């Protein structure tokens, strides 16, 4: 028994990253960043406020979704909890990713 790995295609679209009341609208695109990563469009300013850094890429995983840096290294991984994907910061603050 194993989990299936969603395609960039089925997860691509309009998403909202909700933080400390702030909300960033990001578009998870099918544009290729690299071999295992696609492109993400969004306001860096907004993203810097809610995450330790403004990510530029993303990729689905069987259990969640990963927002990456230009070289593909992980910025923040969001686990899938039913209808939303959530990530906790070093201080324990929750960040939510939900498809609009």
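Positions refer to the first chain, counted from 1.
> Quick one: higher average CA temperature factor, 16 to 24 or 79 to 87?
For C-alpha atoms only, the mean B-factor is higher in 16 to 24.
> Do the CA atoms of 1 to 9 or those of 91 to 99 have the higher mean B-factor in the entry?
The deposited B-factors put 91 to 99 ahead on the C-alpha mean.
> Per the PDB entry, which option out of 73, 61, 37, 48 has the greatest Cα B factor?
In this record, 48 carries the highest C-alpha B-factor of the candidates.
> C-alpha B factor of residue 29, ranked within the chain: lowest, middle or highest third?
For residue 29, whose C-alpha B-factor we compare with every modelled residue in the chain, the answer is the middle third.
> Looking at the temperature factor on the CA atom of residue 44, which third of the chain's modelled residues does it land in?
Top third by C-alpha B-factor.
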